[PDB]
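Here is the structure we will look at.
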Amino acid sequence: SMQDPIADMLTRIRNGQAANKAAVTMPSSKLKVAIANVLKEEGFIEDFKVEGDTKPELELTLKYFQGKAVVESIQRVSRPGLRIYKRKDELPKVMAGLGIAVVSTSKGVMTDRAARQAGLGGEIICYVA
Amino acid sequence: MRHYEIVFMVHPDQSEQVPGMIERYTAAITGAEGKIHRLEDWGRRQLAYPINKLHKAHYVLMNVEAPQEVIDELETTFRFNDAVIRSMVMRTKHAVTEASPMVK
Amino acid sequence: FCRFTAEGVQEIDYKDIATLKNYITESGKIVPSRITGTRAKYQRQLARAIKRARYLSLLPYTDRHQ
Amino acid sequence: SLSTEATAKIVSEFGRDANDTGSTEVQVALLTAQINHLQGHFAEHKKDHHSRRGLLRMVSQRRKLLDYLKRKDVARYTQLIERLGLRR
Amino acid sequence: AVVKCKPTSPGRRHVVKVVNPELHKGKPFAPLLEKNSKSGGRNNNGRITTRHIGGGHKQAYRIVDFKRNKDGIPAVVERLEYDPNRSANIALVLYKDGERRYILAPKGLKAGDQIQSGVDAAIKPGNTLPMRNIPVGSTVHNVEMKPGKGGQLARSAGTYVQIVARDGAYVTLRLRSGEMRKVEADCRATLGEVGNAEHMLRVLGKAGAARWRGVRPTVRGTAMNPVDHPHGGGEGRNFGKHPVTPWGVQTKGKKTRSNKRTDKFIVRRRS
Amino acid sequence: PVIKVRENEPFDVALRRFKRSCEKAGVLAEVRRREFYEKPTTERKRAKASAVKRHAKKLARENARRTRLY
RNA sequence: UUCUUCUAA
RNA sequence: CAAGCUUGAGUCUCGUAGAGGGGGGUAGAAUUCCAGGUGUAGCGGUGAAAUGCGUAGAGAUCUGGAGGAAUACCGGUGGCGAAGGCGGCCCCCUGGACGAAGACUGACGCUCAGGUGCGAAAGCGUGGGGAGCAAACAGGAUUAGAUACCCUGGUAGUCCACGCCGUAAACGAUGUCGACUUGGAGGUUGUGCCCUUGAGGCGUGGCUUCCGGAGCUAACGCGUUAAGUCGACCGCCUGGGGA
Ligand SMILES: [Mg+2]
Ligand SMILES: [Mg+2]
Ligand SMILES: [Mg+2]
Ligand SMILES: [Mg+2]
Ligand SMILES: [Mg+2]
Ligand SMILES: [Mg+2]
Ligand SMILES: [Mg+2]
Ligand SMILES: [Mg+2]
Ligand SMILES: [Mg+2]
Ligand SMILES: [Mg+2]
Ligand SMILES: [Mg+2]
Ligand SMILES: [Mg+2]
Ligand SMILES: [Mg+2]
Ligand SMILES: [Mg+2]
Ligand SMILES: [Mg+2]
Ligand SMILES: [Mg+2]
Ligand SMILES: [Mg+2]
Ligand SMILES: [Mg+2]
Ligand SMILES: [Mg+2]
Ligand SMILES: [Mg+2]
Ligand SMILES: [Mg+2]
Ligand SMILES: [Mg+2]
Ligand SMILES: [Mg+2]
Ligand SMILES: [Mg+2]
Ligand SMILES: [Mg+2]
Ligand SMILES: [Mg+2]
């Protein structure tokens, strides 16, 4: 079954990058837009777009630099079988600060760097590197 | 009810008693409020191989729309009669009415 | 080059012997689908019709038995 | 399986709208009719193990439908098993 | 239904009852009873002719229709009863005109079925008709040897006889022993196997259960003195001689049929 | 293979015609197949190896059709 | 048709 | 926790395919046995032989009868089933899958310790049956020996009913469920469309076989039916023996 939609989003990005697909579509969600909000803002995808009314489809426009893929690595950290919550002191540095860790905090979903500047931690959704 | 296709093979020396058998069988079906769609005597016909040490038989085709209880009564009539040699009942999806390719 | 696909019959009739004699050999064996090119849906229907015509002494089981 | 008239006689009996045909009480009673119709088959054919797997599939499916119905609406759950004569 | 007894005592350790709940739990039909006085295996000379018979429970005789002559008149089966006189259960039948009789109960017969003798009878388990009217290859019981004499073949609890052939005046039978015998085609026979087929699954369990059936104990011949039996004698266990009867006739293998009157009726012997 | 000698036919023609129908009806290979018992393991294995023989040789013949040898 | 075996560094 | 929504899951309608199961029939061919006719000195077997069968008439051949078991050709890296497994034909009862359009219920789902059920062959118990085959056993050969391979026989067994056993290299040596990721040649089974102007042309589902790209892997290879990329849950592994 679809036990985890968020890991389905990351896997369709990861298989999308490796297959040199231009765009990747998927069923939309309130959480999947906020993750694609971070990935467009932090610069990993070009643009996202949600279309449809009854069943909304989130479409991700992928990003390619110098032929090869922009998103080098993308991993799920907290998963339904094993949740990961961190405090604001123990937030991770992905790729020594070059990558980002999408963290779900009380003030919405943001990156780990903005989570430290906001001064509060939360649940680590994914590592994007 | 349940569309059956019945063909039976009569001993050829009992070829005279064949229309007496058919009218009882039709009265068995129509008496049980069943339909009979086509009813085609094929006459004496040379067998492909001698069943029961004899070389000819009398064929009768009969298509029947009856409930399944009276056909099981009808099968025992074929079993204990010695005039009929072989009997074959075949369940059919629908009622067929067109003439046989050998009635032609 | 299946004939039954061209003419389009829903079920082969075992009583049609002159059709079925074009699908048995001289010694009464069922001719394979490699040779006549029958599509395998009708090949199951044809074998089921030859086996019924053998039972009603419309076709021989072999050319030898007597 | 169940005959066409016997299905529609159940659907119009237990459907709220006489065309719903997939409501929870409708799906239970169609299984309960098919389970109770097959009591005579496996009393006669005890070595028909391949058909009995299809029977246990109906029992296991019906048990999940009642258990869904219990926490969804209790008053329909009491009314259904009392009318269908189900021990639990 | 065979019922293994629970071992509450030795002597109930090995008992298997044959429990049939369809048998009538009451007294038998009183006009069809008569006295069956015991014999003890002793003839009009008072001597013991056949050994090991004696004692046992008192038994009333049930008059059983073997001749089966009420032709054309249908009969419904009232109830099934226990018969101490024989291994097969008997059926109390009621004709339309009001006569009650006992027949041997066939295999699938139950209370409420209709049976009918005569030539125009149907072919269901229970009917009785001459074997020129019965199809070849069917299993019949209660078979006559002579026409109108009464049924004599295949009467014990689970037996039956197949009709294998017919050549005019005779039919050829496959008896239950495996012997092939010719019988005239006018002899009556009753369709179906006879009823109590699970009779041979009983085990009596204890020594007294054979004394209930009037079977006195059998002293084996080598346990005697030489004046008593040819096997008797010896200082210890000695048996240096061929096995014979108490009257000196070979038993392990020697044939004893000496009927030259009926040899034309026997097609093949048993195997 | 019930073969009647036609009118004004030489014997070597009809014998060669008789060898033809026996190879056609498959008589010699049928009795040789039934001379000994073949297990359902052996029957499923030999029929499977016969299919791979009919398939990889088709691919080997088509691959050898393309490239030259001298 | 049958047709076996050969240690030491 | 409350209220939903329809994509997951399910129900209904109409169809299709199938060695899917259970029960009862039935047919043809062959084998052996029995009887008889013709017939006369071999037969059978092997590497070669012998045991064996034969003048008391075998083998061969023809007619008749009995009985059991399995179902040539079709037949196919074909089909069905959860697995084991399933093969003449007919009927009765019966499970599942799939398709086409809708209708409907509204997360009802996935997995699963313990548990329960099914589970090849061999074996066991009771009762039948017993043609062929065949452990055991016997005889003949072979050999240095031959408790073997070969031969001639042959009993449990194989078959049926009902119980038990609960194991196999029970294998795809690959747990189930879901999502995504370039292709090619097929098989099978639906269904839509084009004038079917032919068995064609264009699609769209299920199942399946082969090759192979990226990727993976110790390599062999796997490769949209993953052993690729991930998620959920379970089972399991920790040097070889001893075991
Ligand atoms: Mg259903
Ligand atoms: Mg005695
Ligand atoms: Mg004794
Ligand atoms: Mg004693
Ligand atoms: Mg003494
Ligand atoms: Mg003496
Ligand atoms: Mg002594
Ligand atoms: Mg001594
Ligand atoms: Mg040595
Ligand atoms: Mg909707
Ligand atoms: Mg709704
Ligand atoms: Mg499961
Ligand atoms: Mg077994
Ligand atoms: Mg043993
Ligand atoms: Mg046994
Ligand atoms: Mg036994
Ligand atoms: Mg034997
Ligand atoms: Mg041997
Ligand atoms: Mg194991
Ligand atoms: Mg297997
Ligand atoms: Mg395999
Ligand atoms: Mg394994
Ligand atoms: Mg490959
Ligand atoms: Mg890996
Ligand atoms: Mg995988
Ligand atoms: Mg691996």
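Chain labels run A, B, ... following the order of the structure tokens; each chain numbers its residues from 1, and ligands are numbered from 1 in the order shown.
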
Exercise: stretch 86-95 of chain B partners within 8 Å, only C-alpha atoms (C1' of nucleotides), chain neighbours under 2 positions left out, as a list in words:
residues 2, 3, 4, 5, 6, 7, 8, 9, 10, 37, 63, 64, 65, 78, 84 and 97 of chain B; 56 of chain C; 90 and 91 of chain H

Could you pull out the residues sitting within 10 Å of ligand 22, using only C-alpha atoms (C1' of nucleotides) and all ligand atoms, and write them as a list in words?
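Counting only C-alpha atoms (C1' of nucleotides) and all ligand atoms, the residues within 10 Å of ligand 22 come out as residues 169, 170, 171, 173 and 174 of chain H.
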
Within 10 Å of ligand 21, which residues show up when you count only C-alpha atoms (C1' of nucleotides) and all ligand atoms? List them as a list in words, please.
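Every residue with an atom at most 10 Å from ligand 21 is listed here: residues 44 and 45 of chain F; 171 and 172 of chain H.
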
Between F:22, F:65, F:39, F:50, which residue has the minimum interatomic distance to chain C, considering only C-alpha atoms?
F:22

Test item: residues at most 9 Å from residue D:62, only C-alpha atoms (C1' of nucleotides), excluding those fewer than 3 positions along its chain, as an mmCIF file with N, CA and C atoms, in the first residue's frame:
```
data_model
loop_
_atom_site.group_PDB
_atom_site.id
_atom_site.type_symbol
_atom_site.label_atom_id
_atom_site.label_comp_id
_atom_site.auth_asym_id
_atom_site.auth_seq_id
_atom_site.Cartn_x
_atom_site.Cartn_y
_atom_site.Cartn_z
ATOM 1 N N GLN D 27 -23.602 -5.114 1.303
ATOM 2 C CA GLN D 27 -22.488 -6.015 1.036
ATOM 3 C C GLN D 27 -22.409 -7.139 2.056
ATOM 4 N N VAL D 28 -22.864 -6.898 3.284
ATOM 5 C CA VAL D 28 -22.850 -7.943 4.301
ATOM 6 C C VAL D 28 -23.883 -9.011 3.979
ATOM 7 N N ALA D 29 -25.097 -8.585 3.646
ATOM 8 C CA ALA D 29 -26.177 -9.536 3.432
ATOM 9 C C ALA D 29 -26.002 -10.330 2.148
ATOM 10 N N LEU D 31 -23.082 -11.337 1.184
ATOM 11 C CA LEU D 31 -22.171 -12.384 1.616
ATOM 12 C C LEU D 31 -22.882 -13.395 2.498
ATOM 13 N N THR D 32 -23.725 -12.914 3.416
ATOM 14 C CA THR D 32 -24.430 -13.794 4.342
ATOM 15 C C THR D 32 -25.399 -14.710 3.609
ATOM 16 N N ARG D 57 -12.843 -16.765 2.342
ATOM 17 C CA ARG D 57 -12.645 -15.403 1.870
ATOM 18 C C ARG D 57 -13.897 -14.565 2.081
ATOM 19 N N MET D 58 -15.074 -15.165 1.898
ATOM 20 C CA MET D 58 -16.321 -14.445 2.122
ATOM 21 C C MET D 58 -16.552 -14.192 3.603
ATOM 22 N N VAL D 59 -16.203 -15.167 4.441
ATOM 23 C CA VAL D 59 -16.352 -15.020 5.884
ATOM 24 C C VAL D 59 -15.415 -13.945 6.405
ATOM 25 N N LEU D 65 -16.222 -6.197 7.265
ATOM 26 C CA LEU D 65 -17.286 -5.240 6.991
ATOM 27 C C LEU D 65 -18.124 -4.962 8.229
ATOM 28 N N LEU D 66 -18.371 -5.982 9.056
ATOM 29 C CA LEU D 66 -19.084 -5.738 10.306
ATOM 30 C C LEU D 66 -18.239 -4.923 11.265
ATOM 31 N N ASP D 67 -16.941 -5.206 11.319
ATOM 32 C CA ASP D 67 -16.075 -4.501 12.248
ATOM 33 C C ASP D 67 -15.881 -3.054 11.839
#
```

Taking only C-alpha atoms (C1' of nucleotides) and all ligand atoms into account, list the residues no farther than 9 Å from ligand 9, as a count of residues only.
3

Can you check which residues of stretch 5-104 of chain B DSSP gives as strand (DSSP E) on the backbone and send them as number ranges by chain?
B: 5-10, 35-51, 54-66, 84-91

Serialized selection, N, CA and C atoms, as a short mmCIF file (atom, residue, chain, number, x, y, z; two decimals), in the first residue's frame:
```
data_model
loop_
_atom_site.label_atom_id
_atom_site.label_comp_id
_atom_site.auth_asym_id
_atom_site.auth_seq_id
_atom_site.Cartn_x
_atom_site.Cartn_y
_atom_site.Cartn_z
N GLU B 5 -29.00 -29.78 -25.35
CA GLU B 5 -29.02 -30.37 -26.68
C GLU B 5 -28.87 -31.87 -26.54
N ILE B 6 -29.89 -32.61 -26.96
CA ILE B 6 -29.96 -34.04 -26.74
C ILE B 6 -29.88 -34.73 -28.09
N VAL B 7 -28.92 -35.63 -28.23
CA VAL B 7 -28.84 -36.50 -29.39
C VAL B 7 -28.71 -37.93 -28.90
N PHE B 8 -29.53 -38.82 -29.44
CA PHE B 8 -29.47 -40.21 -29.06
C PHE B 8 -29.44 -41.10 -30.29
N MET B 9 -28.96 -42.32 -30.08
CA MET B 9 -28.63 -43.25 -31.15
C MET B 9 -29.43 -44.52 -30.93
N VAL B 10 -30.34 -44.81 -31.85
CA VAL B 10 -31.30 -45.89 -31.73
C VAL B 10 -30.75 -47.12 -32.45
N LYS B 35 -39.65 -26.22 -23.39
CA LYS B 35 -39.73 -25.92 -24.81
C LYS B 35 -38.90 -26.92 -25.60
N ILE B 36 -39.31 -27.14 -26.84
CA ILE B 36 -38.55 -27.92 -27.80
C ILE B 36 -38.40 -27.10 -29.07
N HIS B 37 -37.16 -26.86 -29.49
CA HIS B 37 -36.87 -25.84 -30.48
C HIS B 37 -36.70 -26.41 -31.88
N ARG B 38 -35.76 -27.34 -32.06
CA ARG B 38 -35.74 -28.13 -33.28
C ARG B 38 -35.70 -29.60 -32.92
N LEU B 39 -36.11 -30.41 -33.88
CA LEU B 39 -36.33 -31.84 -33.67
C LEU B 39 -36.11 -32.51 -35.01
N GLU B 40 -34.92 -33.07 -35.20
CA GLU B 40 -34.45 -33.46 -36.53
C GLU B 40 -34.05 -34.92 -36.52
N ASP B 41 -34.93 -35.77 -37.03
CA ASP B 41 -34.55 -37.14 -37.33
C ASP B 41 -33.52 -37.14 -38.44
N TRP B 42 -32.45 -37.90 -38.24
CA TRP B 42 -31.41 -38.02 -39.25
C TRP B 42 -31.47 -39.35 -39.98
N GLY B 43 -32.38 -40.23 -39.59
CA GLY B 43 -32.53 -41.48 -40.28
C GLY B 43 -31.48 -42.49 -39.87
N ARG B 44 -31.48 -43.61 -40.60
CA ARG B 44 -30.37 -44.54 -40.54
C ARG B 44 -29.12 -43.86 -41.07
N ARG B 45 -28.00 -44.12 -40.42
CA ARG B 45 -26.75 -43.51 -40.84
C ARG B 45 -25.62 -44.49 -40.57
N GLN B 46 -24.71 -44.60 -41.53
CA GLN B 46 -23.58 -45.50 -41.40
C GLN B 46 -22.63 -45.01 -40.32
N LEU B 47 -22.35 -45.87 -39.36
CA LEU B 47 -21.47 -45.51 -38.26
C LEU B 47 -20.03 -45.42 -38.74
N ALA B 48 -19.24 -44.60 -38.04
CA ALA B 48 -17.82 -44.53 -38.34
C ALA B 48 -17.11 -45.81 -37.93
N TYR B 49 -17.64 -46.50 -36.92
CA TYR B 49 -17.04 -47.71 -36.40
C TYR B 49 -18.13 -48.50 -35.71
N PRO B 50 -18.08 -49.82 -35.75
CA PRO B 50 -19.20 -50.60 -35.21
C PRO B 50 -19.28 -50.58 -33.69
N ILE B 51 -20.23 -49.82 -33.17
CA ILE B 51 -20.54 -49.90 -31.75
C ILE B 51 -21.45 -51.09 -31.53
N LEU B 54 -22.47 -53.80 -34.22
CA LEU B 54 -23.32 -53.54 -35.38
C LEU B 54 -22.98 -52.19 -35.99
N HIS B 55 -23.30 -52.05 -37.28
CA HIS B 55 -22.66 -51.08 -38.14
C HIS B 55 -23.51 -49.85 -38.46
N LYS B 56 -24.80 -49.86 -38.16
CA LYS B 56 -25.64 -48.71 -38.44
C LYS B 56 -26.42 -48.32 -37.20
N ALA B 57 -26.95 -47.10 -37.23
CA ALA B 57 -27.74 -46.59 -36.12
C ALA B 57 -28.69 -45.54 -36.65
N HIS B 58 -29.69 -45.22 -35.83
CA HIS B 58 -30.71 -44.24 -36.17
C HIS B 58 -30.52 -43.03 -35.27
N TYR B 59 -30.27 -41.88 -35.87
CA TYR B 59 -29.94 -40.68 -35.12
C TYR B 59 -31.15 -39.78 -34.98
N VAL B 60 -31.28 -39.15 -33.81
CA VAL B 60 -32.30 -38.14 -33.56
C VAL B 60 -31.64 -37.00 -32.80
N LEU B 61 -31.71 -35.79 -33.36
CA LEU B 61 -31.30 -34.58 -32.67
C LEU B 61 -32.51 -33.92 -32.03
N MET B 62 -32.32 -33.36 -30.84
CA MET B 62 -33.43 -32.72 -30.14
C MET B 62 -32.89 -31.63 -29.23
N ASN B 63 -33.39 -30.41 -29.41
CA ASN B 63 -33.03 -29.27 -28.59
C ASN B 63 -34.17 -28.90 -27.67
N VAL B 64 -33.85 -28.73 -26.39
CA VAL B 64 -34.81 -28.75 -25.29
C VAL B 64 -34.47 -27.60 -24.36
N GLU B 65 -35.50 -26.87 -23.91
CA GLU B 65 -35.35 -25.87 -22.86
C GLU B 65 -36.23 -26.30 -21.69
N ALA B 66 -35.70 -27.13 -20.81
CA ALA B 66 -36.44 -27.71 -19.70
C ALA B 66 -35.71 -27.42 -18.40
N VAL B 84 -32.43 -47.38 -27.62
CA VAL B 84 -31.39 -46.37 -27.73
C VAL B 84 -30.06 -46.99 -27.30
N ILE B 85 -29.03 -46.79 -28.12
CA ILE B 85 -27.72 -47.36 -27.83
C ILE B 85 -26.89 -46.35 -27.07
N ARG B 86 -26.61 -45.21 -27.69
CA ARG B 86 -25.87 -44.13 -27.08
C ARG B 86 -26.75 -42.91 -26.98
N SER B 87 -26.56 -42.16 -25.90
CA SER B 87 -27.28 -40.92 -25.70
C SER B 87 -26.28 -39.87 -25.25
N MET B 88 -26.41 -38.67 -25.79
CA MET B 88 -25.51 -37.59 -25.42
C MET B 88 -26.36 -36.35 -25.17
N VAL B 89 -26.25 -35.80 -23.98
CA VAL B 89 -26.92 -34.55 -23.64
C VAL B 89 -25.86 -33.48 -23.44
N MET B 90 -26.02 -32.36 -24.13
CA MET B 90 -25.02 -31.30 -24.10
C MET B 90 -25.72 -30.00 -23.75
N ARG B 91 -25.25 -29.36 -22.69
CA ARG B 91 -25.81 -28.08 -22.28
C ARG B 91 -25.42 -26.99 -23.26
#
```

Distance filter 9 Å around ligand 8, atoms: only C-alpha atoms (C1' of nucleotides) and all ligand atoms, out as a PDB file with N, CA and C atoms, in the first residue's frame:
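The resulting file, result-v5.pdb, is shown below:
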```pdb
ATOM      1  N   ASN E 238       3.365 -80.316  21.185  1.00  0.00           N
ATOM      2  CA  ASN E 238       3.775 -81.135  20.057  1.00  0.00           C
ATOM      3  C   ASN E 238       2.649 -81.183  19.046  1.00  0.00           C
ATOM      4  N   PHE E 239       2.990 -80.998  17.778  1.00  0.00           N
ATOM      5  CA  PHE E 239       2.002 -81.002  16.717  1.00  0.00           C
ATOM      6  C   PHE E 239       2.571 -81.672  15.477  1.00  0.00           C
ATOM      7  N   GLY E 240       3.251 -82.790  15.628  1.00  0.00           N
ATOM      8  CA  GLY E 240       3.935 -83.302  14.456  1.00  0.00           C
ATOM      9  C   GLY E 240       3.080 -84.086  13.486  1.00  0.00           C
TER      10      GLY E 240
END
```

Quick one: residues within 9 Å of ligand 23, with only C-alpha atoms (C1' of nucleotides) and all ligand atoms, as a PyMOL selection string?
chain H and resi 210-212+221-223

Distance filter 12 Å, only C-alpha atoms (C1' of nucleotides), chain H against chain B, as a ChimeraX atom specification:
/H:24-28,63-64,89-92

Keeping only C-alpha atoms (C1' of nucleotides), write those residues as a PDB file, in the first residue's frame.
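Wrote it out as result12.pdb, contents follow:
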```pdb
ATOM      1  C1'   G H  24     -21.707 -38.878 -10.793  1.00  0.00           C
ATOM      2  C1'   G H  25     -21.642 -40.932 -15.502  1.00  0.00           C
ATOM      3  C1'   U H  26     -19.484 -42.633 -20.087  1.00  0.00           C
ATOM      4  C1'   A H  27     -16.324 -43.727 -24.420  1.00  0.00           C
ATOM      5  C1'   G H  28     -12.310 -45.516 -27.381  1.00  0.00           C
ATOM      6  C1'   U H  63     -13.436 -64.465 -32.615  1.00  0.00           C
ATOM      7  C1'   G H  64     -15.802 -63.873 -27.809  1.00  0.00           C
ATOM      8  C1'   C H  89     -16.006 -36.793 -23.136  1.00  0.00           C
ATOM      9  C1'   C H  90     -20.873 -35.477 -20.692  1.00  0.00           C
ATOM     10  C1'   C H  91     -23.971 -33.676 -16.581  1.00  0.00           C
ATOM     11  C1'   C H  92     -24.744 -31.706 -11.551  1.00  0.00           C
TER      12        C H  92
END
```

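With only C-alpha atoms (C1' of nucleotides) as the atoms that count, the residue of H:34, H:60, H:218, H:17 with the shortest distance to chain C is H:17.
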
Would you kindly report the residues of chain C within 8 Å of chain H, using only C-alpha atoms (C1' of nucleotides), as a VMD selection string?
chain C and resid 1 to 3 5 to 6 28 to 32 43 to 44 47 51 to 52 55 61

So that I can check the surroundings of residue H:104, please list as a CSV table (one decimal) with N, CA and C atoms, in the first residue's frame every protein, DNA and RNA residue that reaches within 7 Å of it, counting only C-alpha atoms (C1' of nucleotides) and ignoring chain neighbours fewer than 4 positions away.
```csv
chain,number,residue,atom,x,y,z
D,20,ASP,N,-28.3,1.6,-4.4
D,20,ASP,CA,-27.0,1.9,-3.8
D,20,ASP,C,-26.0,0.7,-4.0
D,21,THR,N,-26.5,-0.5,-3.8
D,21,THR,CA,-25.9,-1.8,-4.2
D,21,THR,C,-24.5,-2.1,-3.7
D,22,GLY,N,-23.9,-1.1,-2.9
D,22,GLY,CA,-22.6,-1.3,-2.5
D,22,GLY,C,-22.4,-0.7,-1.1
D,23,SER,N,-23.6,-0.4,-0.4
D,23,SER,CA,-23.6,0.1,0.9
D,23,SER,C,-23.2,-1.1,1.9
```

Please identify the alpha helix (DSSP H) residues within stretch 9-65 of chain F (assignment by DSSP from backbone atoms) and present them as a ChimeraX atom specification.
/F:11-25,28-33,40-65

Please extract the residues at most 12 Å from ligand 12, counting only C-alpha atoms (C1' of nucleotides) and all ligand atoms, and provide them as a PyMOL selection string, using the chain letters and residue numbers of this document.
(chain D and resi 57+60) or (chain H and resi 82+110-112+175-177+233-234)

Suppose we keep C-alpha atoms (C1' of nucleotides); can you now write the selection as a PDB file, in the first residue's frame?
```
ATOM      1  CA  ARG D  57     -12.645 -15.403   1.870  1.00  0.00           C
ATOM      2  CA  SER D  60     -13.159 -13.026   6.382  1.00  0.00           C
TER       3      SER D  60
ATOM      4  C1'   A H  82      -2.360 -19.184  -2.952  1.00  0.00           C
ATOM      5  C1'   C H 110      -1.336  -3.312   3.973  1.00  0.00           C
ATOM      6  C1'   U H 111       1.420  -6.765   6.791  1.00  0.00           C
ATOM      7  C1'   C H 112       1.369 -10.429  10.701  1.00  0.00           C
ATOM      8  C1'   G H 175       8.368 -13.287   1.583  1.00  0.00           C
ATOM      9  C1'   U H 176       3.993 -10.232   0.863  1.00  0.00           C
ATOM     10  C1'   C H 177       1.900  -5.196  -0.519  1.00  0.00           C
ATOM     11  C1'   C H 233       5.460  -5.291   7.940  1.00  0.00           C
ATOM     12  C1'   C H 234       7.126 -10.219   8.771  1.00  0.00           C
TER      13        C H 234
END
```

All residues having an atom within 9 Å of ligand 18 (only C-alpha atoms (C1' of nucleotides) and all ligand atoms) as a ChimeraX atom specification:
/H:134,151-154

Could you give me, as a list in words, the residues within 9 Å of residue E:223, counting only C-alpha atoms (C1' of nucleotides) and dropping anything in the same chain fewer than 6 positions from it?
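Here the qualifying residues turn out to be residues 229, 231, 232, 233 and 237 of chain E.
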
Would you pick out the contacts of stretch 108-112 of chain A at 12 Å or less, using only C-alpha atoms (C1' of nucleotides), so that residues sharing its chain but fewer than 2 positions from it are not included, and give the list as a PyMOL selection string?
chain A and resi 30-43+86-94+97-106+114-128

Starting from chain H, keep only residues with some atom at most 12 Å from an atom of chain D, counting only C-alpha atoms (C1' of nucleotides), and report them as a PyMOL selection string.
chain H and resi 9-14+20-23+81-83+85-86+92-96+103-109+116-119+162
